[PDB]
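Quick look at target19.cif (mmCIF, N, CA and C atoms):
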data_coords
#
loop_
_atom_site.group_PDB
_atom_site.id
_atom_site.type_symbol
_atom_site.label_atom_id
_atom_site.label_comp_id
_atom_site.auth_asym_id
_atom_site.auth_seq_id
_atom_site.Cartn_x
_atom_site.Cartn_y
_atom_site.Cartn_z
ATOM 1 N N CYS K 1 0.832 -1.196 0.000
ATOM 2 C CA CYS K 1 0.000 0.000 0.000
ATOM 3 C C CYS K 1 0.873 1.255 0.000
ATOM 4 N N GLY K 2 1.455 1.565 -1.160
ATOM 5 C CA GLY K 2 2.266 2.760 -1.310
ATOM 6 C C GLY K 2 3.581 2.684 -0.549
ATOM 7 N N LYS K 3 3.997 3.850 -0.034
ATOM 8 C CA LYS K 3 5.199 4.039 0.789
ATOM 9 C C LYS K 3 6.463 3.589 0.051
ATOM 10 N N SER K 4 6.698 4.222 -1.093
ATOM 11 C CA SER K 4 7.809 3.872 -1.969
ATOM 12 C C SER K 4 8.238 5.129 -2.718
ATOM 13 N N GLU K 5 8.991 4.933 -3.808
ATOM 14 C CA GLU K 5 9.411 5.970 -4.760
ATOM 15 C C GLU K 5 10.253 7.053 -4.073
ATOM 16 N N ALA K 6 11.423 6.623 -3.613
ATOM 17 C CA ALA K 6 12.395 7.549 -3.046
ATOM 18 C C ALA K 6 13.101 8.300 -4.169
ATOM 19 N N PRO K 7 13.135 9.629 -4.143
ATOM 20 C CA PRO K 7 13.741 10.381 -5.252
ATOM 21 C C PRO K 7 15.238 10.560 -5.060
ATOM 22 N N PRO K 8 16.044 10.136 -6.030
ATOM 23 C CA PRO K 8 17.480 10.415 -5.978
ATOM 24 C C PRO K 8 17.789 11.764 -6.600
ATOM 25 N N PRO K 9 18.857 12.435 -6.158
ATOM 26 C CA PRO K 9 19.233 13.707 -6.786
ATOM 27 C C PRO K 9 20.155 13.510 -7.981
ATOM 28 N N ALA K 10 20.551 14.604 -8.625
ATOM 29 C CA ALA K 10 21.396 14.564 -9.809
ATOM 30 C C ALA K 10 22.657 15.392 -9.587
ATOM 31 N N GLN K 11 23.660 15.144 -10.431
ATOM 32 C CA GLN K 11 24.943 15.829 -10.350
ATOM 33 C C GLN K 11 25.174 16.801 -11.499
ATOM 34 N N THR K 12 24.455 16.640 -12.631
ATOM 35 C CA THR K 12 24.525 17.330 -13.930
ATOM 36 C C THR K 12 25.946 17.700 -14.376
ATOM 37 N N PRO K 13 26.769 16.707 -14.751
ATOM 38 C CA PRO K 13 28.129 17.008 -15.222
ATOM 39 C C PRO K 13 28.176 17.519 -16.658
ATOM 40 N N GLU K 14 29.398 17.630 -17.192
ATOM 41 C CA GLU K 14 29.701 17.975 -18.587
ATOM 42 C C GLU K 14 29.201 19.386 -18.926
ATOM 43 N N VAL K 15 29.895 20.356 -18.337
ATOM 44 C CA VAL K 15 29.754 21.765 -18.685
ATOM 45 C C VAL K 15 31.075 22.250 -19.283
ATOM 46 N N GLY K 16 30.991 22.865 -20.460
ATOM 47 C CA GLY K 16 32.163 23.278 -21.213
ATOM 48 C C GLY K 16 32.670 24.677 -20.935
ATOM 49 N N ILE K 17 33.322 24.874 -19.793
ATOM 50 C CA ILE K 17 33.809 26.197 -19.416
ATOM 51 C C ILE K 17 35.041 26.543 -20.244
ATOM 52 N N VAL K 18 34.958 27.636 -21.002
ATOM 53 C CA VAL K 18 36.079 28.171 -21.772
ATOM 54 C C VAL K 18 36.219 29.649 -21.433
ATOM 55 N N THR K 19 37.416 30.060 -21.023
ATOM 56 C CA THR K 19 37.652 31.440 -20.631
ATOM 57 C C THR K 19 38.043 32.281 -21.844
ATOM 58 N N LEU K 20 38.118 33.593 -21.637
ATOM 59 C CA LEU K 20 38.457 34.514 -22.713
ATOM 60 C C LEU K 20 39.123 35.756 -22.134
ATOM 61 N N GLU K 21 40.114 36.266 -22.865
ATOM 62 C CA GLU K 21 40.880 37.433 -22.455
ATOM 63 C C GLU K 21 40.929 38.425 -23.609
ATOM 64 N N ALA K 22 41.481 39.607 -23.333
ATOM 65 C CA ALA K 22 41.569 40.668 -24.324
ATOM 66 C C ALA K 22 42.568 40.311 -25.423
ATOM 67 N N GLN K 23 42.487 41.073 -26.507
ATOM 68 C CA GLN K 23 43.372 40.823 -27.665
ATOM 69 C C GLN K 23 43.361 42.055 -28.566
ATOM 70 N N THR K 24 44.187 42.002 -29.604
ATOM 71 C CA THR K 24 44.304 43.068 -30.593
ATOM 72 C C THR K 24 44.031 42.448 -31.956
ATOM 73 N N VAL K 25 43.036 42.975 -32.662
ATOM 74 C CA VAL K 25 42.612 42.429 -33.942
ATOM 75 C C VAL K 25 42.368 43.587 -34.902
ATOM 76 N N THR K 26 42.551 43.323 -36.191
ATOM 77 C CA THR K 26 42.287 44.303 -37.231
ATOM 78 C C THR K 26 40.903 44.073 -37.829
ATOM 79 N N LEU K 27 40.291 45.159 -38.286
ATOM 80 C CA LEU K 27 38.930 45.134 -38.796
ATOM 81 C C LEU K 27 38.930 45.334 -40.305
ATOM 82 N N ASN K 28 38.047 44.616 -40.988
ATOM 83 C CA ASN K 28 37.911 44.722 -42.428
ATOM 84 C C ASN K 28 36.449 44.949 -42.777
ATOM 85 N N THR K 29 36.224 45.465 -43.979
ATOM 86 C CA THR K 29 34.874 45.650 -44.480
ATOM 87 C C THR K 29 34.851 45.329 -45.966
ATOM 88 N N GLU K 30 33.852 44.555 -46.376
ATOM 89 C CA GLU K 30 33.688 44.209 -47.777
ATOM 90 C C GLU K 30 32.821 45.249 -48.464
ATOM 91 N N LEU K 31 33.277 45.702 -49.625
ATOM 92 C CA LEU K 31 32.576 46.672 -50.433
ATOM 93 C C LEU K 31 32.395 46.104 -51.831
ATOM 94 N N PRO K 32 31.236 46.306 -52.443
ATOM 95 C CA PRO K 32 31.016 45.805 -53.798
ATOM 96 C C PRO K 32 31.474 46.804 -54.851
ATOM 97 N N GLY K 33 31.876 46.262 -55.992
ATOM 98 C CA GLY K 33 32.306 47.136 -57.065
ATOM 99 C C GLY K 33 32.481 46.371 -58.352
ATOM 100 N N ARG K 34 32.986 47.083 -59.349
ATOM 101 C CA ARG K 34 33.260 46.509 -60.657
ATOM 102 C C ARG K 34 34.751 46.554 -60.958
ATOM 103 N N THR K 35 35.152 45.775 -61.955
ATOM 104 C CA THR K 35 36.513 45.832 -62.472
ATOM 105 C C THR K 35 36.547 46.650 -63.753
ATOM 106 N N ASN K 36 37.571 47.485 -63.882
ATOM 107 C CA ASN K 36 37.759 48.328 -65.050
ATOM 108 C C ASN K 36 39.163 48.141 -65.605
ATOM 109 N N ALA K 37 39.307 48.462 -66.886
ATOM 110 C CA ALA K 37 40.590 48.347 -67.554
ATOM 111 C C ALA K 37 41.526 49.461 -67.107
ATOM 112 N N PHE K 38 42.828 49.168 -67.153
ATOM 113 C CA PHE K 38 43.828 50.157 -66.768
ATOM 114 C C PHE K 38 43.877 51.298 -67.772
ATOM 115 N N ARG K 39 43.931 50.970 -69.057
ATOM 116 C CA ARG K 39 43.717 51.965 -70.098
ATOM 117 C C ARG K 39 43.020 51.299 -71.273
ATOM 118 N N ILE K 40 41.911 51.899 -71.691
ATOM 119 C CA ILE K 40 41.124 51.435 -72.824
ATOM 120 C C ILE K 40 40.939 52.603 -73.783
ATOM 121 N N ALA K 41 41.155 52.344 -75.066
ATOM 122 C CA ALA K 41 41.010 53.346 -76.111
ATOM 123 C C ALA K 41 39.985 52.837 -77.108
ATOM 124 N N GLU K 42 38.890 53.572 -77.259
ATOM 125 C CA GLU K 42 37.955 53.296 -78.333
ATOM 126 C C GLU K 42 38.452 53.963 -79.609
ATOM 127 N N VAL K 43 38.698 53.149 -80.626
ATOM 128 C CA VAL K 43 39.293 53.607 -81.871
ATOM 129 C C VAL K 43 38.245 54.380 -82.659
ATOM 130 N N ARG K 44 38.511 55.659 -82.897
ATOM 131 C CA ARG K 44 37.603 56.511 -83.639
ATOM 132 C C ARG K 44 38.351 57.146 -84.801
ATOM 133 N N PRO K 45 37.694 57.357 -85.936
ATOM 134 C CA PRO K 45 38.391 57.915 -87.094
ATOM 135 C C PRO K 45 38.465 59.429 -87.041
ATOM 136 N N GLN K 46 39.492 59.966 -87.698
ATOM 137 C CA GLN K 46 39.688 61.406 -87.781
ATOM 138 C C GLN K 46 39.656 61.920 -89.214
ATOM 139 N N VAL K 47 39.156 61.127 -90.160
ATOM 140 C CA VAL K 47 38.986 61.528 -91.549
ATOM 141 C C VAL K 47 37.625 61.042 -92.033
ATOM 142 N N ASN K 48 37.357 61.256 -93.318
ATOM 143 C CA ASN K 48 36.085 60.920 -93.940
ATOM 144 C C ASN K 48 36.331 59.993 -95.120
ATOM 145 N N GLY K 49 35.618 58.879 -95.167
ATOM 146 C CA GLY K 49 35.731 57.994 -96.307
ATOM 147 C C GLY K 49 35.221 56.602 -96.005
ATOM 148 N N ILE K 50 35.427 55.728 -96.986
ATOM 149 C CA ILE K 50 34.962 54.347 -96.942
ATOM 150 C C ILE K 50 36.090 53.468 -96.424
ATOM 151 N N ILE K 51 35.772 52.580 -95.484
ATOM 152 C CA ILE K 51 36.728 51.576 -95.035
ATOM 153 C C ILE K 51 36.989 50.600 -96.174
ATOM 154 N N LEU K 52 38.216 50.598 -96.688
ATOM 155 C CA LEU K 52 38.583 49.679 -97.756
ATOM 156 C C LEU K 52 39.059 48.335 -97.233
ATOM 157 N N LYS K 53 39.702 48.313 -96.070
ATOM 158 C CA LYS K 53 40.341 47.093 -95.605
ATOM 159 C C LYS K 53 40.542 47.159 -94.102
ATOM 160 N N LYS I 252 17.359 49.789 -53.368
ATOM 161 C CA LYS I 252 17.781 50.455 -54.598
ATOM 162 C C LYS I 252 19.245 50.135 -54.827
ATOM 163 N N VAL I 253 19.560 49.506 -55.958
ATOM 164 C CA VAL I 253 20.925 49.134 -56.313
ATOM 165 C C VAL I 253 21.225 49.669 -57.705
ATOM 166 N N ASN I 254 22.288 50.451 -57.821
ATOM 167 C CA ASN I 254 22.778 50.955 -59.092
ATOM 168 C C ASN I 254 23.662 49.910 -59.763
ATOM 169 N N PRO I 255 23.881 49.999 -61.083
ATOM 170 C CA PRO I 255 24.722 48.989 -61.748
ATOM 171 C C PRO I 255 26.199 49.043 -61.387
ATOM 172 N N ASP I 256 26.679 50.108 -60.752
ATOM 173 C CA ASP I 256 28.082 50.158 -60.367
ATOM 174 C C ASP I 256 28.338 49.593 -58.979
ATOM 175 N N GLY I 257 27.309 49.123 -58.284
ATOM 176 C CA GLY I 257 27.473 48.480 -56.993
ATOM 177 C C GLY I 257 26.967 49.267 -55.807
ATOM 178 N N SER I 258 26.685 50.560 -55.950
ATOM 179 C CA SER I 258 26.134 51.332 -54.848
ATOM 180 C C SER I 258 24.701 50.901 -54.573
ATOM 181 N N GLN I 259 24.294 51.013 -53.312
ATOM 182 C CA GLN I 259 23.045 50.403 -52.889
ATOM 183 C C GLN I 259 22.551 51.042 -51.606
ATOM 184 N N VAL I 260 21.257 50.862 -51.357
ATOM 185 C CA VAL I 260 20.605 51.302 -50.133
ATOM 186 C C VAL I 260 19.885 50.098 -49.544
ATOM 187 N N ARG I 261 20.201 49.765 -48.297
ATOM 188 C CA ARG I 261 19.586 48.645 -47.609
ATOM 189 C C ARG I 261 18.537 49.154 -46.625
ATOM 190 N N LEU I 262 17.832 48.225 -45.984
ATOM 191 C CA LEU I 262 16.805 48.585 -45.002
ATOM 192 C C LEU I 262 17.394 48.707 -43.599
ATOM 193 N N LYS I 263 18.483 49.438 -43.509
ATOM 194 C CA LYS I 263 19.007 49.898 -42.240
ATOM 195 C C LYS I 263 19.442 51.344 -42.358
ATOM 196 N N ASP I 264 19.351 51.920 -43.553
ATOM 197 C CA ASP I 264 19.680 53.309 -43.799
ATOM 198 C C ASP I 264 18.466 54.217 -43.747
ATOM 199 N N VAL I 265 17.268 53.679 -43.962
ATOM 200 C CA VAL I 265 16.042 54.467 -43.901
ATOM 201 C C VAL I 265 15.173 54.109 -42.713
ATOM 202 N N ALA I 266 15.451 53.009 -42.028
ATOM 203 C CA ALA I 266 14.563 52.528 -40.985
ATOM 204 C C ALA I 266 15.391 51.824 -39.927
ATOM 205 N N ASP I 267 14.757 51.533 -38.796
ATOM 206 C CA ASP I 267 15.370 50.664 -37.797
ATOM 207 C C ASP I 267 14.408 49.542 -37.435
ATOM 208 N N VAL I 268 14.901 48.310 -37.509
ATOM 209 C CA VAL I 268 14.089 47.101 -37.453
ATOM 210 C C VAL I 268 14.289 46.426 -36.108
ATOM 211 N N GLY I 269 13.201 45.946 -35.516
ATOM 212 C CA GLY I 269 13.322 45.232 -34.259
ATOM 213 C C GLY I 269 12.033 44.542 -33.886
ATOM 214 N N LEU I 270 12.148 43.572 -32.988
ATOM 215 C CA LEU I 270 10.982 42.835 -32.525
ATOM 216 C C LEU I 270 10.226 43.666 -31.500
ATOM 217 N N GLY I 271 9.040 44.139 -31.878
ATOM 218 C CA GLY I 271 8.201 44.910 -30.988
ATOM 219 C C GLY I 271 6.841 44.255 -30.839
ATOM 220 N N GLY I 272 5.916 45.016 -30.270
ATOM 221 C CA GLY I 272 4.577 44.510 -30.077
ATOM 222 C C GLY I 272 3.735 44.629 -31.331
ATOM 223 N N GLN I 273 2.812 43.682 -31.486
ATOM 224 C CA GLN I 273 1.868 43.747 -32.595
ATOM 225 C C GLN I 273 0.868 44.874 -32.391
ATOM 226 N N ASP I 274 0.431 45.081 -31.153
ATOM 227 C CA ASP I 274 -0.458 46.182 -30.815
ATOM 228 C C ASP I 274 -0.022 46.766 -29.485
ATOM 229 N N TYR I 275 -0.047 48.093 -29.386
ATOM 230 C CA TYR I 275 0.399 48.797 -28.194
ATOM 231 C C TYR I 275 -0.748 49.468 -27.456
ATOM 232 N N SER I 276 -1.984 49.059 -27.727
ATOM 233 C CA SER I 276 -3.136 49.720 -27.126
ATOM 234 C C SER I 276 -3.322 49.302 -25.674
ATOM 235 N N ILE I 277 -3.403 48.001 -25.424
ATOM 236 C CA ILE I 277 -3.784 47.473 -24.121
ATOM 237 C C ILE I 277 -2.522 47.051 -23.389
ATOM 238 N N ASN I 278 -2.417 47.406 -22.110
ATOM 239 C CA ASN I 278 -1.314 46.896 -21.305
ATOM 240 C C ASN I 278 -1.729 46.815 -19.847
ATOM 241 N N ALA I 279 -1.257 45.774 -19.173
ATOM 242 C CA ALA I 279 -1.657 45.459 -17.815
ATOM 243 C C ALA I 279 -0.467 45.540 -16.874
ATOM 244 N N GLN I 280 -0.775 45.556 -15.581
ATOM 245 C CA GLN I 280 0.223 45.343 -14.546
ATOM 246 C C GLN I 280 -0.471 44.787 -13.312
ATOM 247 N N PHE I 281 0.317 44.127 -12.468
ATOM 248 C CA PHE I 281 -0.175 43.372 -11.325
ATOM 249 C C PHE I 281 0.611 43.812 -10.100
ATOM 250 N N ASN I 282 -0.079 44.503 -9.182
ATOM 251 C CA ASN I 282 0.487 45.042 -7.937
ATOM 252 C C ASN I 282 1.689 45.948 -8.200
ATOM 253 N N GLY I 283 1.629 46.705 -9.288
ATOM 254 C CA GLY I 283 2.719 47.564 -9.707
ATOM 255 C C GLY I 283 3.739 46.900 -10.608
ATOM 256 N N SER I 284 3.872 45.581 -10.512
ATOM 257 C CA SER I 284 4.859 44.882 -11.314
ATOM 258 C C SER I 284 4.343 44.706 -12.741
ATOM 259 N N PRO I 285 5.220 44.811 -13.744
ATOM 260 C CA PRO I 285 4.775 44.649 -15.137
ATOM 261 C C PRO I 285 4.371 43.212 -15.420
ATOM 262 N N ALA I 286 3.171 43.045 -15.966
ATOM 263 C CA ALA I 286 2.599 41.721 -16.137
ATOM 264 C C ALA I 286 1.654 41.717 -17.324
ATOM 265 N N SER I 287 1.459 40.536 -17.891
ATOM 266 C CA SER I 287 0.477 40.317 -18.935
ATOM 267 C C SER I 287 -0.264 39.028 -18.638
ATOM 268 N N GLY I 288 -1.434 38.885 -19.238
ATOM 269 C CA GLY I 288 -2.222 37.698 -18.993
ATOM 270 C C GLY I 288 -3.383 37.621 -19.950
ATOM 271 N N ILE I 289 -4.034 36.465 -19.932
ATOM 272 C CA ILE I 289 -5.122 36.163 -20.848
ATOM 273 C C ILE I 289 -6.394 35.973 -20.031
ATOM 274 N N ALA I 290 -7.442 36.697 -20.409
ATOM 275 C CA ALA I 290 -8.719 36.638 -19.715
ATOM 276 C C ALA I 290 -9.611 35.637 -20.428
ATOM 277 N N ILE I 291 -10.158 34.691 -19.673
ATOM 278 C CA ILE I 291 -10.836 33.528 -20.227
ATOM 279 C C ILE I 291 -12.333 33.689 -20.016
ATOM 280 N N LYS I 292 -13.102 33.645 -21.099
ATOM 281 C CA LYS I 292 -14.549 33.684 -21.023
ATOM 282 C C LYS I 292 -15.086 32.259 -21.051
ATOM 283 N N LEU I 293 -16.400 32.126 -21.193
ATOM 284 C CA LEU I 293 -17.037 30.821 -21.164
ATOM 285 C C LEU I 293 -18.005 30.709 -22.329
ATOM 286 N N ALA I 294 -17.925 29.596 -23.052
ATOM 287 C CA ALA I 294 -18.889 29.314 -24.101
ATOM 288 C C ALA I 294 -20.234 28.984 -23.476
ATOM 289 N N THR I 295 -21.290 29.580 -24.019
ATOM 290 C CA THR I 295 -22.624 29.358 -23.486
ATOM 291 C C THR I 295 -23.104 27.941 -23.781
ATOM 292 N N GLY I 296 -23.683 27.307 -22.762
ATOM 293 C CA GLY I 296 -24.082 25.920 -22.829
ATOM 294 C C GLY I 296 -23.163 24.962 -22.101
ATOM 295 N N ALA I 297 -21.976 25.405 -21.704
ATOM 296 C CA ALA I 297 -21.020 24.572 -20.994
ATOM 297 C C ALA I 297 -20.956 24.978 -19.528
ATOM 298 N N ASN I 298 -20.677 24.002 -18.669
ATOM 299 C CA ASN I 298 -20.702 24.234 -17.234
ATOM 300 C C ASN I 298 -19.429 24.935 -16.776
ATOM 301 N N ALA I 299 -19.595 25.939 -15.917
ATOM 302 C CA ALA I 299 -18.490 26.774 -15.464
ATOM 303 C C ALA I 299 -17.692 26.168 -14.319
ATOM 304 N N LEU I 300 -18.065 24.994 -13.819
ATOM 305 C CA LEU I 300 -17.344 24.389 -12.701
ATOM 306 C C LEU I 300 -16.305 23.377 -13.149
ATOM 307 N N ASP I 301 -16.583 22.631 -14.215
ATOM 308 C CA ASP I 301 -15.562 21.768 -14.783
ATOM 309 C C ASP I 301 -14.719 22.492 -15.821
#
Just give me the structure of the file as structure tokens.
Amino acid sequence: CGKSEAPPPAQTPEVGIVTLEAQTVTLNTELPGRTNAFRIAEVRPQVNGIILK
Amino acid sequence: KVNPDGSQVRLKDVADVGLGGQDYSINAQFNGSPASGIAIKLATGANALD
């Protein structure tokens, strides 16, 4: 008639303690853009006439 | 808005985003302490004791 079920306690192990200290780090930032030629010349004529060749 | 040369405007330059309340009309407190809760009514035809 009842009078049972003794509760045991727990220990809860396996905690991952990791410490941290100050440091010196450099900061960067990504910026989007395009690539362009170093020098590009569009060939344009300076006379009048028919392209023969 | 993004231009073809890469310049752009994101949704942190015109606004500030955060998790807030859906409605700010009604607010409760309990003995001065900040509190919220749900008020429960009863469907008609059902017993209020069970």
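A straight line drawn from atom N of residue I:273 to atom C of residue I:287 is 14.0 Å long.
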Measuring atom to atom with all atoms listed in the file, identify which of K:3, K:33, K:50, K:42 is nearest to chain I. K:33
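Nearest residue to chain I among K:32, K:18, K:40, K:24 is K:32, counting all atoms listed in the file.
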Using only N, CA and C atoms, which of K:25, K:41, K:52, K:31 sits nearest chain I? K:31
Which distance in Å separates atom C of residue K:37 and atom C of residue I:259, to one decimal? 24.6 Å
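Residue list for chain I within 8 Å of chain K: residues 256, 257 and 258 of chain I, counting only C-alpha atoms.
Coordinates place atom CA of residue I:277 at a distance of 12.7 Å from atom CA of residue I:290.
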Might I get the box with edges along x, y and z of the file that holds all atoms of stretch 290-296 of chain I listed there, padded by 5 Å on every side, given as centre and edge lengths in Å to one decimal, as JSON?
{"center_x": -15.8, "center_y": 30.8, "center_z": -21.9, "size_x": 26.6, "size_y": 21.7, "size_z": 14.4}
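For chain I, backbone-based DSSP labels the following residues as strand (DSSP E): residues 279, 280, 281, 284, 285 and 286 of chain I.
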From the structure just shown, export stretch 253-273 of chain I with N, CA and C atoms as a PDB file, in the first residue's frame.
ATOM      1  N   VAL I 253      19.560  49.506 -55.958  1.00  0.00           N
ATOM      2  CA  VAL I 253      20.925  49.134 -56.313  1.00  0.00           C
ATOM      3  C   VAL I 253      21.225  49.669 -57.705  1.00  0.00           C
ATOM      4  N   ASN I 254      22.288  50.451 -57.821  1.00  0.00           N
ATOM      5  CA  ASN I 254      22.778  50.955 -59.092  1.00  0.00           C
ATOM      6  C   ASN I 254      23.662  49.910 -59.763  1.00  0.00           C
ATOM      7  N   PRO I 255      23.881  49.999 -61.083  1.00  0.00           N
ATOM      8  CA  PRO I 255      24.722  48.989 -61.748  1.00  0.00           C
ATOM      9  C   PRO I 255      26.199  49.043 -61.387  1.00  0.00           C
ATOM     10  N   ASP I 256      26.679  50.108 -60.752  1.00  0.00           N
ATOM     11  CA  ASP I 256      28.082  50.158 -60.367  1.00  0.00           C
ATOM     12  C   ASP I 256      28.338  49.593 -58.979  1.00  0.00           C
ATOM     13  N   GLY I 257      27.309  49.123 -58.284  1.00  0.00           N
ATOM     14  CA  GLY I 257      27.473  48.480 -56.993  1.00  0.00           C
ATOM     15  C   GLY I 257      26.967  49.267 -55.807  1.00  0.00           C
ATOM     16  N   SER I 258      26.685  50.560 -55.950  1.00  0.00           N
ATOM     17  CA  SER I 258      26.134  51.332 -54.848  1.00  0.00           C
ATOM     18  C   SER I 258      24.701  50.901 -54.573  1.00  0.00           C
ATOM     19  N   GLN I 259      24.294  51.013 -53.312  1.00  0.00           N
ATOM     20  CA  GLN I 259      23.045  50.403 -52.889  1.00  0.00           C
ATOM     21  C   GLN I 259      22.551  51.042 -51.606  1.00  0.00           C
ATOM     22  N   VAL I 260      21.257  50.862 -51.357  1.00  0.00           N
ATOM     23  CA  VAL I 260      20.605  51.302 -50.133  1.00  0.00           C
ATOM     24  C   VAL I 260      19.885  50.098 -49.544  1.00  0.00           C
ATOM     25  N   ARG I 261      20.201  49.765 -48.297  1.00  0.00           N
ATOM     26  CA  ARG I 261      19.586  48.645 -47.609  1.00  0.00           C
ATOM     27  C   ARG I 261      18.537  49.154 -46.625  1.00  0.00           C
ATOM     28  N   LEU I 262      17.832  48.225 -45.984  1.00  0.00           N
ATOM     29  CA  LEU I 262      16.805  48.585 -45.002  1.00  0.00           C
ATOM     30  C   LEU I 262      17.394  48.707 -43.599  1.00  0.00           C
ATOM     31  N   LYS I 263      18.483  49.438 -43.509  1.00  0.00           N
ATOM     32  CA  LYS I 263      19.007  49.898 -42.240  1.00  0.00           C
ATOM     33  C   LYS I 263      19.442  51.344 -42.358  1.00  0.00           C
ATOM     34  N   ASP I 264      19.351  51.920 -43.553  1.00  0.00           N
ATOM     35  CA  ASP I 264      19.680  53.309 -43.799  1.00  0.00           C
ATOM     36  C   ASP I 264      18.466  54.217 -43.747  1.00  0.00           C
ATOM     37  N   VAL I 265      17.268  53.679 -43.962  1.00  0.00           N
ATOM     38  CA  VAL I 265      16.042  54.467 -43.901  1.00  0.00           C
ATOM     39  C   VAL I 265      15.173  54.109 -42.713  1.00  0.00           C
ATOM     40  N   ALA I 266      15.451  53.009 -42.028  1.00  0.00           N
ATOM     41  CA  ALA I 266      14.563  52.528 -40.985  1.00  0.00           C
ATOM     42  C   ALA I 266      15.391  51.824 -39.927  1.00  0.00           C
ATOM     43  N   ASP I 267      14.757  51.533 -38.796  1.00  0.00           N
ATOM     44  CA  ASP I 267      15.370  50.664 -37.797  1.00  0.00           C
ATOM     45  C   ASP I 267      14.408  49.542 -37.435  1.00  0.00           C
ATOM     46  N   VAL I 268      14.901  48.310 -37.509  1.00  0.00           N
ATOM     47  CA  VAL I 268      14.089  47.101 -37.453  1.00  0.00           C
ATOM     48  C   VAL I 268      14.289  46.426 -36.108  1.00  0.00           C
ATOM     49  N   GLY I 269      13.201  45.946 -35.516  1.00  0.00           N
ATOM     50  CA  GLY I 269      13.322  45.232 -34.259  1.00  0.00           C
ATOM     51  C   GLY I 269      12.033  44.542 -33.886  1.00  0.00           C
ATOM     52  N   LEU I 270      12.148  43.572 -32.988  1.00  0.00           N
ATOM     53  CA  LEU I 270      10.982  42.835 -32.525  1.00  0.00           C
ATOM     54  C   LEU I 270      10.226  43.666 -31.500  1.00  0.00           C
ATOM     55  N   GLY I 271       9.040  44.139 -31.878  1.00  0.00           N
ATOM     56  CA  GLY I 271       8.201  44.910 -30.988  1.00  0.00           C
ATOM     57  C   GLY I 271       6.841  44.255 -30.839  1.00  0.00           C
ATOM     58  N   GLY I 272       5.916  45.016 -30.270  1.00  0.00           N
ATOM     59  CA  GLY I 272       4.577  44.510 -30.077  1.00  0.00           C
ATOM     60  C   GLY I 272       3.735  44.629 -31.331  1.00  0.00           C
ATOM     61  N   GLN I 273       2.812  43.682 -31.486  1.00  0.00           N
ATOM     62  CA  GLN I 273       1.868  43.747 -32.595  1.00  0.00           C
ATOM     63  C   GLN I 273       0.868  44.874 -32.391  1.00  0.00           C
TER      64      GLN I 273
END
